[PDB]
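*Asks:* Next up is a structure, given as structure tokens.
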RNA sequence: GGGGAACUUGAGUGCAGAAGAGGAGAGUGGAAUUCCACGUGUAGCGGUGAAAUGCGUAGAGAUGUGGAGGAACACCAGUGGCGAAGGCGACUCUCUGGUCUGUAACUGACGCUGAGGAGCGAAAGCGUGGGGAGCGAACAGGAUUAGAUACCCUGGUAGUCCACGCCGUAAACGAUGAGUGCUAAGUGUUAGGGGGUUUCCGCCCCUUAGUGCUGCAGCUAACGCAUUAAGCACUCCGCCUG
RNA sequence: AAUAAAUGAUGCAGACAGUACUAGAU
């Protein structure tokens with residue numbers, strides 16, 4: 004912790020202090036969901052973590068829809084960069 | 002969310018009347034300013050003032066009690082709700098309590114009361130009643 | 014009454030404090046209640062944790 | 003304010019219900035009297051009374067109603083505006099009518115409106131048909147009425163400025 | 003940061019106690035766990051009885067590892083008869 | 001049982017006087033006397049909120 | 001309503017901290033029950049309103065030592081805490097979810113609800129393989145009763161536990177759907193923040209979210225609710241029509 | 001020299017009707 008977030012921020016920062024950055028939030032949610040699935044592949048019975056992952060995925064989907072409705076160029080760029088297929 | 006500013010404005014005013022308060026604070030939208038000025042010129046309110054601040058702007062309303070203990074605005078009620086819109090024509094413009102009250106109606110040419118709309122031969126959203 | 018941790022401004026109990034845990038635990042060994050010890054809820058929870066760890070590390074008895 | 007009872011009144015009863023109180027010996031029967039007292043010039047009142055006899059209960063109800071009179075506007079022999087009373091699950095609406103319609107209401111509301119001096123009113127009960135609650139809701143609706151001149155004085159405007 | 007405290011059986015000579023201490027320290031450093039602090043309370047009377055002893059030697063060690071030498075120390079102490087009790091706690 | 005503390009140079013009932021008073025601060029009267037028959041978890045939990053607050057004991 | 005351009009109060013990210021029985025996984029624990037072995041030791045032990053069935057002279061119970069195994073975690077414990085709900089209470093550790101505090105730096109409406117659908121889901125129950133200390137449906141026996149296929153007592157299978165899967169029901173209740181705004185007060189309480197003297201200990205005031213009691217207006221058929229509404233209003237969903 | 005207040009768990013009691021019953025007036 005405190006390394007993956009900083010790296011993703013430095014990578015997806017459009018401005019010097021751009022931290023809202025729907026793209027940054029999406030990247031953070033993606034990495035968190037991946038880290039969560041890493042341990043869910045073993046502790047299959049942790050349903051509360053599954054609910055948290057569902058919440059994160061809902062946030063991700065809402066952000067993706069907003070970005071697509073706002074700027075399709077940046078939406079496609081984020082797609083090509085992250086591979087969120 | 003809140004789904005509408007106007008209905009909450011009217012209900013806040015109604016609660017203020019019930020409690021016999023003297024002031025209020027509202028985000029003061031343009032239509033709210035218009036309704037407040039209409040009520041002012043209609044004698045329902047003592048005085049109204051606008052407070053344009055940085056956040057959004059605020060408006061203060063001073064409830065009126067002309068006599069010992071009497072509520073000028075006995076009751077309010079909204080009609081054109083967000084989901085059931087009401088549009089009235091010039092010939093169907095209603096009158097509140099045989100012309101005793103007043104109902105606000107946004108028309109093709111500015112926001113006007115029932116009598117003003119009847120005189121100008123217009124119609125539109127019946128967005129509130131007053132008794 | 015008056016609490017001890019607040020009066021002393023102390024920090025994490027540092028369960029090693031066998032004398033403090035002793036004087037805060039009943040003579041029999043049972044954990045004294047909050048209404049008698051005068052401590053706050055947070056300090057009482059930390060006290061329970063510390064006394065349990067101590068009992069686990071043979072620093073205080075289970076039965077007497 | 004309280005209206006004085008020194009006026010000519012057309013006291014008229016509505017119903018007399020017989021109640022019973024249970025005791026070791028048995029049921030004790032008492033009579034409950036409902037009466038509406040008022041004049042046809044815009045003043046009326048409601049009262050009730052209880053006693054082991056019919057005439058005594060009637061007298062008590064009349065005496066109580068005398069102390070509970072109320073004034074009602076008489077704009078054009080009718081009401082200035084429509085209104086509804088909602089006293090205790092009893093909903094009754096009252097609409098103004100033309101000069102030739104007449105009083106239209108169920109027994110108690112009709113009696114109250116007649117004894118009040120109003121001749122042309124449209125009514126309809128939308129709740130329980132209990133006479134006590136009917137009378138209470140009618141009285142409440144009549145009390146919540148407002149006069150044109152009173153409203154003009156209150157809102158700092160002229161009568162014509164409101165009527166047109 | 004992590005903290006480690008364990009108890010050694012009393013019937014052990016000083017040289018054997020030191021040898022066991024160095025053995026467990028080497029075990030901890032098997033991954034590079036720096037020993038940031040050590041403390042030896044010495045001979046203390048246990049509040050309650052254990053397998054065969056009423057007293058023992060208390061040993062404290064401060065460590066900053068990756069939770070692997072921790073498990074090594076745990077499985078070694080649980081097996082070795084030199085140590086009787088032990089617990090690892092986070093100093094956070 | 002009151003405690004392991006010994007007292008001598010008193011009467012026979014002087015010891016019982018302090019026995020019956022010191023036995024209150026031990027579970028001999030509550031912990032070892034309540035568990036004579038089972039209590040369901042619900043009533044088990046409600047019993048504390050009732051007694052420890054109402055001060056019926 | 002659609003399209004275009006700006007804004008932060010709504011919404012969310014970060015910054016420094018805070019609590020919690022939040023979940024899954026691994027290890028550890030000492031009281032207490034049962035059994036076993038041994039030393040001391042006799043005539044009873046256990047039990048009911050009373051009694052008996054039961055165990056005991058092949059030596060019981062009790063006492064003392066040691067071992068074996070299985071479930072739960074006393075005191076702390078408190079309408080205290082967490083969780084969306086069921087629910088979660090010993091200790092240590094690995095992997096993890098959400099929440100609150102000042103947010104103002106950041107994007108600038110990205111928000112609420114949600115038919116259908118998916119997932120989760122007390123206890124009981126079922127299937128596979130283990131395990132079984134106590135408790136204990138069915139069952140056997142001993143009592144009471146006119147009768148007792150019960151309430152009491154003695155034993156006691158499945159079950160209660162573990163890994164996987166299935167079932168998807170409860171008074172699953174606060175018998176009160178989710179979100180937002182407004183609407184007197186006193187009152188304890190949890191985790192925080194700011195201040196008025198004090199380095200403090202501590203007193204007071206203010207301000208956040210949650211948890212409890214009494215109470216104005218208001219609502220209600222009454223009971224009662226009352227800033228955590230069942231008050232005053234808006235949006236969406238499920239349900240009701242002797 | 002003084003001197004203490006206790007202790008509490010009670011076993012049994014099954015049924016009663018089909019059709020019946022009071023009013024009061026300005």
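Residue numbers (the entry's author numbering), protein chains in the order written: chain o, 4 to 88; chain h, 2 to 132; chain r, 14 to 77; chain e, 3 to 166; chain f, 3 to 94; chain b, 1 to 57.
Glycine included, C-beta positions come from ideal geometry on N, C-alpha and C.
1. Using Cβ-Cβ distances below 7 Å, what residues of the stretch 21-37 of chain b are close to chain r?
2. For residue 41(r) and chain b, any beta-carbon pair shorter than 8 Å?
3. Hey, could you find the ends of the alpha helix (DSSP H) residue 64(f) is sitting in?
4. Taking only three categories from DSSP, how would you classify residue 61(o)?
5. Going by DSSP, what residues sit across from residue 49(e) in a beta bridge?
6. Given that residue 68(h) touches chain e, what residues does it touch there, using C-beta distances under 8 Å?
7. Determine whether the beta carbon atoms of residue 159(e) and residue 58(h) lie at a separation below 8 Å.
8. Beta carbons nearer than 8 Å to chain h: which residues of the stretch 40-63 of chain e have them?
9. Mind checking which residues open and close the beta strand (DSSP E) that includes residue 74(o)?
10. Report the rounded CA-to-CA distance for residue 56(o) versus residue 87(o), giving the unit in angstroms.
11. Does any residue of chain r have a CB that is nearer than 8 Å to the CB of residue 11(f)?
12. Between residue 74(e) and residue 144(e), how many whole angstroms is the CB-CB distance? I'm expecting something under 8 Å.
13. Decide if residue 84(f) is buried, meaning its Cβ has at least 16 other Cβ atoms within 10 Å, or exposed.
14. Any chance you could list the alpha helix (DSSP H) runs of at least 4 consecutive residues sitting entirely within the stretch 61-143 of chain e, in chain order?
15. If I follow the unbroken beta strand (DSSP E) through residue 6(o), where does it start and stop?
16. Spatial neighbours of residue 48(h) within its chain, please: CB distance less than 6 Å, with the 5 preceding and 5 following residues excluded, ordered by chain position.
17. For residue 75(o) and residue 23(o), what's the separation of their Cα atoms in angstroms?
18. Exposed or buried, what is residue 103(h) when buried is set at 16 or more other beta-carbons lying within 10 Å of its beta-carbon?
19. Could you pull out every residue in the same chain whose Cβ sits closer than 7 Å to the Cβ of residue 79(f), ignoring the five residues on either side in sequence?
20. Can you list, in chain order, the residues of the stretch 35-55 of chain h whose Cβ is nearer than 8 Å to any Cβ on chain e?
21. From residue 104(o) to residue 14(h), what distance separates their C-alpha atoms?
22. Following the continuous beta strand (DSSP E) through residue 14(e), name the residue where it begins and the one where it ends.
23. Could you tell me which chain e residues have their CB closer than 7 Å to the CB of residue 100(h), listed as they occur along the chain?
24. Measuring CA to CA, which of 34(r), 30(r) and 41(r) is closest to residue 22(b)?
25. So, does the CB of residue 4(f) fall closer than 8 Å to a CB anywhere in chain r?
26. Helix, strand or coil: how does DSSP classify residue 5(b) here?
27. Sorted by chain position, which residues of the same chain lie with C-beta nearer than 7 Å to residue 125(e)'s C-beta, five sequence neighbours on each side aside?
28. Which same chain residues, not among the five before or five after residue 7(e), have their C-beta less than 8 Å away from its C-beta?
29. Strictly under 8 Å for the Cβ-Cβ distance: is residue 161(e) near chain h by that measure?
30. Give the interface partners of residue 153(e) over in chain h, defined as CB-CB distance under 7 Å, in chain order.
31. So residue 49(b) is in the alpha helix (DSSP H); what residue range does that whole segment cover?
32. For a contact meaning CB atoms closer than 7 Å, what does residue 78(r) contact in chain f?
33. Exposed or buried, what is residue 31(h) when buried is set at 16 or more other beta-carbons lying within 10 Å of its beta-carbon?
34. Under 7 Å Cβ to Cβ from residue 132(h), same chain only, skipping five residues before and after it: list those, please.
35. Between residue 89(h) and residue 130(h), what straight-line distance do the alpha-carbon atoms span, to the nearest angstrom?
36. Would you report the Cα separation of residue 17(f) and residue 23(f), rounded to the nearest angstrom?
*Replies:* In this structure, then:
1. Answer set for the stretch 21-37 of chain b: 26.
2. Translated into positions along the third chain, residue 41(r) becomes position 28. Residue-level contact by beta carbon holds for residue 41(r) and chain b, with a gap shorter than 8 Å.
3. In the fifth chain, residue 64(f) corresponds to position 62, counting from 1. Residue 64(f): not part of any alpha helix (DSSP H); member of the beta strand (DSSP E) spanning 57-66, first to last residue.
4. Indexing the first chain from 1 puts residue 61(o) at position 58. The DSSP-derived three-state label of residue 61(o) is helix.
5. Residue 49(e) sits at position 47 when you count from the first residue of the fourth chain. Answer is 37(e).
6. If you number the second chain from 1, residue 68(h) lands on position 67. Taking a Cβ-Cβ threshold of 8 Å, the residues of chain e close to residue 68(h) are 156, in chain order.
7. Position 157 of the fourth chain, counted from the first residue, corresponds to residue 159(e). Position 57 of the second chain, counted from the first residue, corresponds to residue 58(h). Inclusion of residue 159(e) and residue 58(h) in the CB contact set at 8 Å is not warranted, their separation being larger than that value.
8. Those residues of the stretch 40-63 of chain e that come within reach of chain h (Cβ to Cβ, closer than 8 Å) do not exist; the list is empty.
9. In the first chain, the residue the question calls residue 74(o) occupies position 71. Counting along the chain, residue 74(o) falls outside any beta strand (DSSP E), and DSSP gives it neither H nor E.
10. Within the first chain, residue 56(o) is the residue found at index 53, counting from 1. Within the first chain, residue 87(o) is the residue found at index 84, counting from 1. It is roughly 15 Å from the alpha-carbon of residue 56(o) to the alpha-carbon of residue 87(o).
11. As a first step, residue 11(f) must be located in the fifth chain, where it is residue number 9. Residue 11(f) does not count as touching chain r.
12. The sequence position of residue 74(e) within the fourth chain is 72, counting from 1. The sequence position of residue 144(e) within the fourth chain is 142, counting from 1. Their Cβ separation, rounded to whole angstroms, is 5 Å, which keeps residue 74(e) and residue 144(e) in contact under 8 Å.
13. Numbered from its first residue, the fifth chain carries residue 84(f) at position 82. Counting of Cβ neighbours within 10 angstroms places residue 84(f) among the buried residues, the total reaching 16 or more.
14. If one requires a minimum length of 4 residues, the alpha helix (DSSP H) runs lying completely within the stretch 61-143 of chain e are 109-117, in chain order.
15. The residue given as residue 6(o) occupies position 3 in the first chain. Premise fails: residue 6(o) is in no beta strand (DSSP E) and is neither H nor E.
16. Against the second chain, residue 48(h) aligns to sequence position 47. Cβ within range, chain order: 63.
17. Here residue 75(o) corresponds to residue number 72 of the first chain, with the count starting at 1. Here residue 23(o) corresponds to residue number 20 of the first chain, with the count starting at 1. Approximately 18 Å, taken between the alpha carbons.
18. Position 102 of the second chain, counted from the start, is the residue given in the question as residue 103(h). Classification for residue 103(h): buried.
19. Mapped onto the fifth chain, residue 79(f) falls at position 77. Correct list, in chain order: 8, 85 and 88.
20. Contacts with chain e (Cβ-Cβ distance below 8 Å) from the stretch 35-55 of chain h involve 43, 44 and 45, listed in chain order.
21. Not covered by the structure: residue 104(o). The range shown for chain o is 4 to 88.
22. On the fourth chain, residue 14(e) is found 12 positions in, with the first residue counted as 1. From DSSP, the beta strand (DSSP E) with residue 14(e) extends over 14-24.
23. Against the second chain, residue 100(h) aligns to sequence position 99. The contacting residues are 164 and 165.
24. Looking up residue 22(b) in the sixth chain gives position 22. Comparing Cα positions, the closest option is 41(r).
25. By one-based count along the fifth chain, residue 4(f) stands at place 2. It does not; no Cβ of chain r falls within 8 Å.
26. The residue you call residue 5(b) lines up with position 5 of the sixth chain. Three-state result, residue 5(b): coil.
27. Here residue 125(e) refers to the residue found at position 123 when the fourth chain is read from its first residue. Excluding the 5 residues flanking it on each side, residue 125(e) has same chain C-beta neighbours closer than 7 Å at 94, 95, 96, 106, 107 and 111, in chain order.
28. As a first step, residue 7(e) must be located in the fourth chain, where it is residue number 5. Correct list, in chain order: 68, 69 and 71.
29. As a position in the fourth chain, residue 161(e) is number 159, starting the count at 1. For residue 161(e), not one C-beta of chain h is nearer than 8 Å to its own C-beta.
30. Taking the first residue of the fourth chain as position 1, residue 153(e) is located at position 151. By Cβ distance, chain h contributes 101.
31. Your numbering for residue 49(b) matches position 49 in the sixth chain. Boundaries of the alpha helix (DSSP H) harbouring residue 49(b): 41-54, taken from the DSSP string.
32. Because chain r is modelled from 14 through 77, residue 78(r) falls outside the range shown and cannot be assessed.
33. By 1-based counting over the second chain, the position of residue 31(h) is 30. Burial call: exposed.
34. Locating residue 132(h) in the second chain gives position 131, counting from the first residue. Around residue 132(h): 75, 76, 97, 98 and 102.
35. Within the second chain, numbered from 1, the residue matching residue 89(h) stands at position 88. Within the second chain, numbered from 1, the residue matching residue 130(h) stands at position 129. Approximately 13 Å between the Cα atoms of the pair.
36. The residue you call residue 17(f) lines up with position 15 of the fifth chain. The residue you call residue 23(f) lines up with position 21 of the fifth chain. Distance from the CA atom of residue 17(f) to the CA atom of residue 23(f), rounded to whole angstroms, is 10 Å.
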